[PDB]
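Here the structure is laid out as C-alpha cells; the discussion comes afterwards.
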Amino acid sequence: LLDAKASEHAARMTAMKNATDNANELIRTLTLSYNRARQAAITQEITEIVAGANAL
Amino acid sequence: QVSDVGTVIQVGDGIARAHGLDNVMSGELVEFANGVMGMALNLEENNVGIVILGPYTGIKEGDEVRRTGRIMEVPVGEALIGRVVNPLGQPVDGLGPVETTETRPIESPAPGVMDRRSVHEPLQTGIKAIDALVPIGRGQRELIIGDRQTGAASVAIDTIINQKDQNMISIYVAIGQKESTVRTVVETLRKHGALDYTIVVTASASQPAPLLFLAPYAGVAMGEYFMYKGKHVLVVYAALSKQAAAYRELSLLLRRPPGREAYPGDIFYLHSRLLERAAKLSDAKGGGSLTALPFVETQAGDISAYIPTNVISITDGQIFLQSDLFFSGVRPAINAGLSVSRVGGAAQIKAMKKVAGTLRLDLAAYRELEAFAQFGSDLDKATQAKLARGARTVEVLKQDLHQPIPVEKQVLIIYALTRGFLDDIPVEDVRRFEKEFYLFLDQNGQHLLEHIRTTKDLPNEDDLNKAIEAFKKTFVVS
Amino acid sequence: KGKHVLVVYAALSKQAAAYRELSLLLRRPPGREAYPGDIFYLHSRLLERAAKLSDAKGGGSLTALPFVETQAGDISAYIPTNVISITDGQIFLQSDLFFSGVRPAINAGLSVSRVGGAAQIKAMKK
Amino acid sequence: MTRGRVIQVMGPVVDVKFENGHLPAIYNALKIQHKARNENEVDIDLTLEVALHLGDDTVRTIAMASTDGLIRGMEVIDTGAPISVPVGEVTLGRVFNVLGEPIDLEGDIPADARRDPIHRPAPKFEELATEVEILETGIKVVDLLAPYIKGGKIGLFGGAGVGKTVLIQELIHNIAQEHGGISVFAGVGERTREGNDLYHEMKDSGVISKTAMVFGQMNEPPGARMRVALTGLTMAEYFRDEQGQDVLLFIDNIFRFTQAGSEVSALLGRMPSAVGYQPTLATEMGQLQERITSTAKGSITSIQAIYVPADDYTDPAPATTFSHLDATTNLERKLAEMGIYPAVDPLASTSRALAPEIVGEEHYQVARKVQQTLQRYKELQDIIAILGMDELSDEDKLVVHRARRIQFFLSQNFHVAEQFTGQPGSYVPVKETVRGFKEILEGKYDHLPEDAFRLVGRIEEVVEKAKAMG
Amino acid sequence: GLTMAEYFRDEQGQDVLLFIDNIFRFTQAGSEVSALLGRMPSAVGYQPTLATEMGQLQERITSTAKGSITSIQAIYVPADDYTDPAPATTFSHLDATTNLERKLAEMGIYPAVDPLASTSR
Amino acid sequence: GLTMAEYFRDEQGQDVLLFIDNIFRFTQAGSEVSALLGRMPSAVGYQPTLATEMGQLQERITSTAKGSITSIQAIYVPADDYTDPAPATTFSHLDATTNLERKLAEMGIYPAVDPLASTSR
C-alpha cells in the first residue's frame with residue numbers, strides 16, 4: 001500500500017509538470033498569432049480608410 | 001474691400017464656409033446674422049472654414065457674417081461657484097445670470113518647467129483602497145480607467161464630496177453625459193452640501209460637436225484663475241474619449257487628412273495640451289496646485305485602443321476598475337494588481353506610510369493564491385493563513401457609497417488589520433466590526449484622533465493596543 | 001565575358017522597405033501590409049538574372065545569396081513567402097542556439113537545397 | 001527678396017508665399033515677429049521650418065509653437081539657413097528648448113556666440129574608425145557582462161522607480177571623472193514634472209556642472225518634438241569634433257520621437273505605412289542614428305531609453321530601433337526589492353562585444369562561467385524554496401554558495417549615493433573586476449560570510465570588510 | 001414615432017411607453033446615406049455624425065415634471081461584436097438590461113427572464 | 001496557350017490536355033496592372049474585375065459536342081491563406097483535386113499521390 005501511494009504521488013508530479021510546460025508552450029504561440037492578427041487588422045483598416053478618403 | 005464682413009457659401013452639419021473675413025485670426029470668435037456664435041478653424045486662400053456653436057438649422061447660404069476680434073475666451077470669477085454652466089459661459093440652471101467681470105483665453109501656455117515643484121501634499125479622497133494603495137498627491141494628474149457600469153461616477157462623486165473641510169475648490173466637467181444623469185448628480189451634490197464650493201460645466205450629448213470639443217478647455221481655463229490667485233483646485237473630466245470623438249468628427253467634416261482610426265493627426269497634441277496645464281506651482285508663483293482625474297471608458301477592458309493608449313502614456317498612473325468584481329459585488333472593485341501611481345510614496349502622510357507597506361505585501365501575496373481556496377488540502381500554517389488574511393483584508397477594503405472615511409479612522413482600521421488583531425473575528429462580521437469600531441473610537445478615541453490629526457504620525461503603540469484590546473473585549477461575535 | 005561570379009545581397013527586406021516608401025510617396029495604392037502589388041516583380045526581376053549560361057553562350061555563371069530579416073522566426077510573412085517562392089532553396093538559422101555561441105543552427109528540418117545534391121562531389125556525397 | 005506673406009493656416013501647418021525666384025531652400029527656418037497694430041490683433045513671435053515646395057512660389061511649412069492669432073497677410077522673414085544653436089562650453093550647465101534659447105533663469109546667451117546648423121550630412125566613409133574599442137565605465141556588471149562600445153548605441157529598458165536616474169547620474173559622473181568627456185541629456189517627449197525632478201536631482205548631486213540639457217515637453221507641437229533630438233545631437237557633435245574627446249549622449253524616449261514623426265507626416269498628408277506610421281520612418285531613423293559614430297579623433301556613445309508599445313517586440317518602431325542597437329541592459333523590480341544596486345538584470349542583459357576577439361578569451365570565459373552558474377542557481381531556487389537545502393547534494397550546495405556570493409558581489413557603491421550613505425563610492429577597473437570574479441569562482445574566498453560581498457567593489461575591500469567584522 | 005409620443009407626454013401629461021425594434025438598422029441607414037451625401041468615412045465606415053445624431057434622437061426620451069417617456073429598445077448586433085462603434089455608442093445611454101433565455105423557456109417558465117445576466121443601474 | 005489549344009479542339013476534334021503552370025500569377029499580374037490603369041483597389045488591393053477576368057479565362061475550357069479540353073492547374077496560395085480572394089475565386093471552378101505526398105514518395109511508392117485527400121465531384 002505505501003509503495004503504491006508513493007508511486008501515485010510521483011506520477012501526479014510528472015503529469016502536472018508536463019501539463020504546465022505544455023500550457024506555457026501553447027501560450028507563447030497563441031500570443032504570437034494574436035500579435036500578427038492585430039497588426040493585420042489595423043493595417044487593413046488604415047488602408048481602407050485612406051483609400052476611401054482619396055477616392056473623393 | 002470687405003474686411004470685417006463676409007458671406008456664407010456652404011452650410012451643413014454645423015460646418016459653414018464663408019467668403020471674405022480677410023482680417024480674421026485663426027481661432028477667433030465670429031457672430032452670425034441671427035446671433036449664433038462661431039469659431040474659425042481653417043484659413044484658406046479664399047474661404048474661412050467656420051464651426052457653428054449652436055442650433056445651425058437657422059442659417060441659410062447668403063447670410064451675413066460679422067467679426068468680433070476676440071480670441072476664444074470664457075467668463076471666470078468667484079461668482080461661478082454653485083452654478084451649472086455650458087462651455088460658452090452661460091447658465092443653464094436659471095437663477096439669473098452671472099457677474100463674471102474678467103475673462104481669459106482658453107488657450108494659454110502651460111507653466112514652465114522652472115516654475116514647478118515636486119508634489120508633497122496628500123489629496124484625501126476618503127476611499128480606503130485607493131488612499132492606502134494608489135495615493136494621489138496635489139498637483140498630480142491621475143487617470144481612472146474602467147469599463148461601463150463600474151462606479152466611475154460614484155468614485156468621482158465621493159472624492160468631490162470628501163473635500164468639504166479642506167481648502168480645495170473642485171470643478172466637475174460633464175462631457176457627453178445624459179442630462180438626466182447630470183441633473184441627478186447636481187441634486188445629490190446639493191443634498192450633500194458641496195455646491196457651496198464647486199462648479200459644474202456641462203456638455204450634453206445633444207449639443208453640437210464643438211461644445212463637446214471645448215468643454216475640457218473651458219474647465220481648465222476656469223481653474224487656472226484660482227491657480228494663479230493661489231488656491232488649490234481639483235478638476236474632473238468624464239469623457240476624454242467622447243471629446244476625442246467630437247474633435248475627430250469636426251476634423252473629418254472640415255476635410256482634414258485622417259490618420260489612425262480616422263483620427264486627425266494632432267489628437268495626441270490636443271490631449272497633451274489639455275492635461276499638461278495641471279501641475280504644482282513653485283513658491284515664487286504663490287503655491288497653487290491643480291490635480292486632474294480624467295475618466296476613460298474601455299469596451300470589454302480593451303486598453304489597447306488609440307485614445308486609452310495615448311491617455312495612459314500622458315498621465316501619471318492608472319486606477320483600474322473591474323467589471324467582474326463589480327458584478328460579484330465588490331465595491332469599489334479596485335484592481336490593485338494593475339493600478340500604479342508613480343507619484344505615490346511621497347504623497348502619503350507618515351502615519352499612513354508606516355502602515356501601507358505591510359498591507360500591500362499581504363495583498364500581493366494573497367492575490368496569486370486565490371485558486372487555492374477551493375480545497376482545504378492547503379498547507380495550513382502559511383497558505384491557509386495567507387488565505388484568511390487576504391479574505392479579511394478584502395472584506396475590510398469593501399466600502400459603501402457616498403460615505404467618505406476620515407484618514408485617521410482609515411489608518412486606525414488599517415493598523416488594526418495589519419497587526420493581526422482581526423484573525424479571530426469571523427470574516428462575515430468584519431463590516432459590522434468596522435462600523436462598531438468607528439463608533440467606539442468616536443466614543444473615547446478622540447485623544448488618538450487628535451494626535452493623528454495634529455502630527456500626521458502614529459499614536460503611542462501601547463495606548464493604541466490597549467484601546468483596541470478594550471474594544472475587542474467589548475465586542476460580541478455574531 | 002566568361003568567368004564565374006558570386007554576389008551576396010545583404011538585406012532584401014530593407015530594399016523592399018525602401019521601395020514601399022518610394023511607392024507610397026508616389027501616391028500609389030498599397031496592398032497587403034501596405035506593400036504595393038509590384039513587390040514580387042521587383043524581387044523576381046532582380047533575382048532572375050542569376051543563372052548558369054550554356055557552353056555556347058560563353059560558359060559563365062552567377063550565383064546569389066540574398067538574406068532576409070525575420071521577426072520572431074516567422075516564415076509566414078509576405079516578403080519571406082515571396083523570396084522563398086522565387087529562390088531555389090532556403091537555409092534557416094535558429095536564434096535560440098545562437099546564445100550558446102555555436103554557429104547558429106543550420107536547422108536541417110527547414111533547410112533544403114533542391115537544386116543542390118548534383119553539385120556535391122562524390123567524395124562528400126558518400 | 002526676404003519678405004514673404006502668409007496665405008494659408010491649417011492648425012499647426014502654415015503656408016507662405018514668396019516673390020518668384022527667391023524661395024528658401026528646404027529645412028530652412030522662417031521667423032515671424034509682429035506687433036499688435038490695434039486691439040483686434042495679438043503680438044505673435046513664431047518660428048517655422050520649411051518642408052515642401054508646392055510650386056507657384058508657395059512653401060509648405062510646419063510650426064514650432066501655437067499658431068493662434070495668425071492673420072493672412074503677415075510678413076515672413078527668411079533666415080537663409082536651418083535652425084542655429086549655440087555650441088561651446090557656454091552650453092554646459094544650462095537648459096535649452098529646441099531653438100537654443102535657455103529655459104532657466106541664468107540669462108540669455110550673447111548673440112556673438114558661434115552657432116551651428118541642425119541638419120548636417122552624416123560623416124563620410126573615410127573618417128570612421130577602423131577598429132572596435134571598449135568603453136570602460138567602471139560599473140562592474142556592465143563592463144563584465146554587457147560591455148559598451150566606443151561609438152555604439154545602447155538600449156536601456158526599465159520602468160519607473162528602478163534607479164534609472166541614479167544609473168544615468170553615475171554613468172555621467174564616472175565618464176567625466178575618468179575620461180574628461182562631457183555629457184548631454186536630451187529629453188524627447190518627457191513629462192514636465194519628471195524632467196523638473198531630474199534637473200533638481202542632478203543640480204543637488206553636482207553632476208550638472210559638466211552637462212548640457214535640452215528639454216522638449218509633451219505640450220510642444222510635433223515639429224519641436226521631432227527636432228529636439230537633432231539639436232541635442234548637434235550640441236554633442238561640436239565637442240566630438242573640435243575638442244576631440246569622447247562624449248555621452250542620452251535620449252529620454254525614442255519611441256516618442258517616432259510617434260511625433262508619424263503625426264507630422266500625417267499632418268503633411270502622405271499615405272500612412274504599415275501600421276499607420278510614416279512611410280519615411282526608416283530613413284528618418286537612419287538620418288538620426290548615423291551621426292552617432294566614432295571617428296579618428298573622437299566618439300559619441302548613446303544611451304537610449306525604449307518603451308515598447310503594447311508589449312510587442314515585432315512592432316515596426318521597436319524593430320527599426322533594434323536594427324541599430326549594439327547592447328541591452330534590463331532593470332528589474334525583483335533585484336530592486338533585494339538590497340542590490342544598480343538592480344540590472346545579469347541574464348536578460350546582453351551585448352555584441354561579448355566575444356573573445358574583442359574583450360579577450362579570459363574575460364569571455366569568466367563571463368560565460370558566471371552566466372551558467374547564475375542560470376543553474378535560478379533553476380535550483382524553485383525546488384529549494386519548497387524542499388529545503390537538505391535534498392541539495394554537496395556539489396549543488398557549493399554551486400548555490402558560489403552563486404549567492406557572485407550575485408551579491410555584482411552590486412556596487414556609487415559616488416552618487418554618498419549624499420544618503422557616506423560611502424565614498426568606487427570606480428572598479430575592468431581588469432580588477434574580472435580578476436576578482438575569477439578568484440571568487442575558484443573558491444578561494446568561500447569561507448567569508450556572504451554579506452562581506454555587499455557594497456565594496458574591488459576585491460581587496462571585500463577582505464578588508466570581512467576582517468572589519470571578523 | 002418619437003414625435004407621436006411627445007404630444008401625449010406634454011399635453012395629456014401621462015406616462016407613455018415606446019418600443020423600437022432595432023436601432024442598429026437606424027444607425028446603419030445613417031451610415032448608408034452619409035457616403036452618398038459625400039462626407040468622409042469614419043472608423044469602420046460609419047458617418048462622422050454618428051454620435052451627435054444618435055444623441056439627438058435619444059435625448060428627447062426623458063422624464064419631465066408633468067410626464068415621462070420610457071423606452072424599451074431591442075438590440076441585436078450580428079456577429080456578436082460588442083466593440084463595434086454603433087453598439088458602443090448606444091450602450092452609453094442604457095439604464096437597464098434584460099435577457100430572455102431559451103434555457104428557462106424550455107424549462108417551462110415565463111416570461112423566461114434570465115435572473116443572473118440581467119442587470120440594472 | 002488556351003487559344004492555341006482551342007484550334008485543335010474545334011478542328012481536329014480530339015481530346016486535348018492543357019497544363020497551366022501557376023494560375024495565381026495570372027491574377028497577381030492583373031492586380032499589378034490595374035493600379036497603373038487607375039481603377040480603385042479591392043478588399044486586399046486586388047483589381048475590381050478579378051471575378052470576371054477569371055471567368056473569361058476558365059469558361060473557354062469546356063467539353064463540346066465534337067471534342068473536349070481538360071486542364072491540370074497547379075495552385076499556390078500566398079502566406080498559406082486559403083481565404084485570400086484569389087484562391088477563394090479559383091476554387092469555385094475546380095472539379096477534382098489530387099495531392100502529392102513526400103511521405104509516400106520516400107516510402108517508395110511512385111505515383112506519389114495521397115489516396116485519402118484526393119477528392120472529386
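Scheme for the C-alpha cells: letters A, B, ... for chains in order shown; per-chain residue numbers from 1; ligand numbers from 1 in order shown.
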Quiz item: What residues in chain A have any atom no more than 10 Å from chain B when counting only C-alpha atoms, and can you write them as a VMD selection string?
Solution: chain A and resid 42 to 43 45 to 47 49 to 50 53 to 54
Keeping only N, CA, C and O atoms, take the residues you just selected and write them out as a tab-separated table (two decimals), in the first residue's frame.
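Result file is part.tsv:
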chain	number	residue	atom	x	y	z
A	42	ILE	N	-5.24	46.18	-38.02
A	42	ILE	CA	-5.07	47.63	-38.00
A	42	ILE	C	-4.56	48.13	-39.35
A	42	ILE	O	-5.02	49.17	-39.85
A	43	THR	N	-3.62	47.41	-39.97
A	43	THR	CA	-3.11	47.89	-41.26
A	43	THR	C	-4.20	47.86	-42.33
A	43	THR	O	-4.30	48.79	-43.14
A	45	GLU	N	-7.46	48.13	-41.86
A	45	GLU	CA	-8.41	49.20	-41.58
A	45	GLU	C	-7.86	50.55	-42.03
A	45	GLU	O	-8.58	51.36	-42.63
A	46	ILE	N	-6.58	50.81	-41.76
A	46	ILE	CA	-5.99	52.08	-42.16
A	46	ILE	C	-5.98	52.21	-43.68
A	46	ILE	O	-6.29	53.28	-44.23
A	47	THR	N	-5.60	51.14	-44.38
A	47	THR	CA	-5.61	51.19	-45.84
A	47	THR	C	-7.00	51.48	-46.37
A	47	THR	O	-7.17	52.30	-47.28
A	49	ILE	N	-9.44	53.09	-44.87
A	49	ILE	CA	-9.84	54.46	-44.58
A	49	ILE	C	-9.16	55.43	-45.54
A	49	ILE	O	-9.80	56.34	-46.09
A	50	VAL	N	-7.86	55.25	-45.76
A	50	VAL	CA	-7.14	56.20	-46.60
A	50	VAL	C	-7.59	56.08	-48.05
A	50	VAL	O	-7.69	57.08	-48.77
A	53	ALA	N	-10.86	57.88	-48.36
A	53	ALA	CA	-10.67	59.33	-48.36
A	53	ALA	C	-10.13	59.82	-49.70
A	53	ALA	O	-10.57	60.85	-50.21
A	54	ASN	N	-9.17	59.09	-50.27
A	54	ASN	CA	-8.58	59.52	-51.54
A	54	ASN	C	-9.55	59.35	-52.70
A	54	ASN	O	-9.44	60.06	-53.70
Taking only residues of chain F that have an atom at most 12 Å from an atom of chain A, what is each one's shortest atom pair and its distance in Å to one decimal, using only C-alpha atoms, in chain and number order, as CSV?
residue,atom,partner,partner_atom,distance
F:38,CA,A:55,CA,11.0
F:39,CA,A:55,CA,10.1
F:40,CA,A:55,CA,7.6
F:41,CA,A:51,CA,8.2
F:42,CA,A:48,CA,9.2
F:43,CA,A:48,CA,8.2
F:44,CA,A:44,CA,7.9
F:45,CA,A:47,CA,9.1
Closest atom pairs, chain C residues within 9 Å of chain A, only C-alpha atoms, as a tab-separated table:
residue	atom	partner	partner_atom	distance
C:29	CA	A:51	CA	7.6
C:30	CA	A:47	CA	7.4
C:31	CA	A:47	CA	8.1
C:32	CA	A:44	CA	7.6
C:33	CA	A:43	CA	6.2
C:34	CA	A:43	CA	7.1
C:72	CA	A:32	CA	8.4
Exercise. Residues of chain D no more than 9 Å from chain C, counting only C-alpha atoms: send them over as a ChimeraX atom specification.
Key: /D:270-275,278-283,313-314,319
Exercise. Compile the residues of chain E that lie within 12 Å of chain B, evaluated using only C-alpha atoms, and express the compilation as a ChimeraX atom specification.
Key: /E:34,37-64,81-85,87-97,116-121
